[PDB]
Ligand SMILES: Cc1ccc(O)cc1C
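Take a look at this single chain in structure tokens; it is the form solved without the named molecule.
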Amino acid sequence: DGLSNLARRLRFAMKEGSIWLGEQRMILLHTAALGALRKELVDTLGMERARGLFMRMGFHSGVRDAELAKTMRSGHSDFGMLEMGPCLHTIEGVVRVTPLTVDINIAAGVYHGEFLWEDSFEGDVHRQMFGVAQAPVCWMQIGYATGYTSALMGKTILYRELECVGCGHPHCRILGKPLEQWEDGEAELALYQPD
């Protein structure tokens, strides 16, 4: 699960003013600052584009952390490498993740995962800027799960929220599965690109 094996990779070089998570440079960013950005994007670009922007930012984060996890192979169970994703997301202060059910085989291209999200920073941030939302709103967090799992699997795995604190639900709950297996699948993939 890499409950800490990952933790070695997290270094604060404060005498150099830098933070590293693996080979990736990190900053500590106030959720309030991200909130202000979110409100301006929604106001300028409307809700739909803001969502795509945040999803793509999360996707880039997720892909980077998958690259980290894959360097530390050490013959880790398809299951153990997957769980490094939830750990890194938690270590990054984004959300507290509890795997509910996870069916995975990387060589076969098989993945179905369902997860519990507690204390989602994004849903809470969205509520602060917007009040409770009418649809799930953890765009960047969903982007991350998609990016990490897709890079891990070497194939497109898309996630969606089934419930969300941003909607006034008590937690978030997510489901990921291959692109092929979403009815409205590349309706979703459209919000995972640039331009």
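Just count from 1 along the sequence shown to find any residue number. In this text, rigid core is short for the largest set of C-alphas that superpose within 1.5 Å between two forms. Residues that one form lacks are left out of the comparison.
Here the subject shifts to the form solved in complex with the named molecule, a form of this protein not shown in this document.
- The stretch in contact with the named molecule in the entry with it bound, judged by heavy atoms within 4.5 Å, is 148-156, chosen from 148-156, 32-40, 123-131, 46-54.
- Contact residues in stretch 70-107 (any heavy atom within 4.5 Å of the named molecule, taken in the entry with it bound) are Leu82, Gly85, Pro86, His89, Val95, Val97.
- Shifted region between this form and the one not shown (3+ consecutive residues, every CA moving 2 Å or more on the core fit): 1-3 alone.
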